[PDB]
């Protein structure tokens, strides 16, 4: 008896697909708004943060194998307690808010495509509709869409290959050169904090590590390769879009930026292709996030453990979790705007990453690595976290309290859940590895 395993390239594709769905087709507009022409440099900077985090994930994942992902690293370092417990809930939440992000991104490209007006109602309906669709998919087609994921990722990479290389032919180099004004530089740095989520490949990979062939080798390789691929794609797309459309026209077309940005150099067929590619990209990212991420993370948080053998591409256990995940996802999507959801997601990922970096530090004699680099990584991510919170405090204080309420709500829930259920975590998550 054995799990259906992913090869290296399938694992790479999975992370690349999720990352592109979020960065290219969901939050790209927000980046044009905050970073403007410095957006290409924002992606690079966010990629540096991602690589610093990757240093820890790759060292830990070469030694520890578990579908519990970061929660296995954390348990191995600090044992079982309310922190470990709350982090398992937080990892689930990170998938929940990502679902809101994808739903929003889908609505943004979908409504202009069908000529529907942008309303608070039309947006709301389309988000509810797309989430409900992926919820229902559990019962009829989540595995089949799963088999289509690899081919959707290839196609959107080609489409974005076209966008990059055709776009570069006609770019104005005069709007490609980085703006070094103090306010252009500081917008670039604030955006980088929001755009940390652009490299959210860690989740789907490590939550699938036992379903990955030769995981001690291929989990670290998939994390590193996928980050490098998307770094090149993002920079190519930001330059091409920015060099072809007035920066203030990117911002008005925020919800579907790249389809409007394709028009100058690919005409109405480019608008159509980018829009259709966006819908498939986001769709495939949502399937990977729900069936592969959220299903795993919910069961681990609820049970304190996972089955040794299960189908990743369905809601394999505790079906109530599927409805809870979808309902909370729709809630976040209705309450906040794209920049809001992006900020909350990025904040949550940073807290997970900090505890992984800490775990790497505690377990350094066992897993290896340089203590200097690990401390450096921790300080960077913490700094970026606080920059994000500061930015929210001055820009949108509702988002600020939203972020704080999430962390606090998660910790309080853990204490109450642990007391009600007696649920505990053990080294049986990773002991066999």
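Positions refer to the first chain, counted from 1.
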Which has higher Cα B-factors on average according to the PDB entry: 236 to 244 or 91 to 99? 236 to 244
Looking at the deposited entry, does 316 to 324 or 159 to 167 carry the larger mean Cα B-factor? 159 to 167
Based on what the PDB entry reports, which of 344, 82, 204, 124 has the top C-alpha B-factor? 124
If I read the C-alpha B-factors straight from the PDB entry, which of 212, 116, 348, 297 is highest? 116
Sorting the chain's modelled residues by C-alpha B-factor and splitting them into thirds places residue 392 in the highest
Chain-relative C-alpha B factor for residue 65 (record values, thirds): the lowest
Please place residue 174 in the lowest, middle or highest third of its chain according to the CA B-factor in the PDB entry. highest
Third of the chain's Cα B-factor distribution that residue 382 belongs to, per the entry: middle
Split the chain's modelled residues into thirds by Cα B-factor; is residue 249 in the lowest, middle or highest one? highest
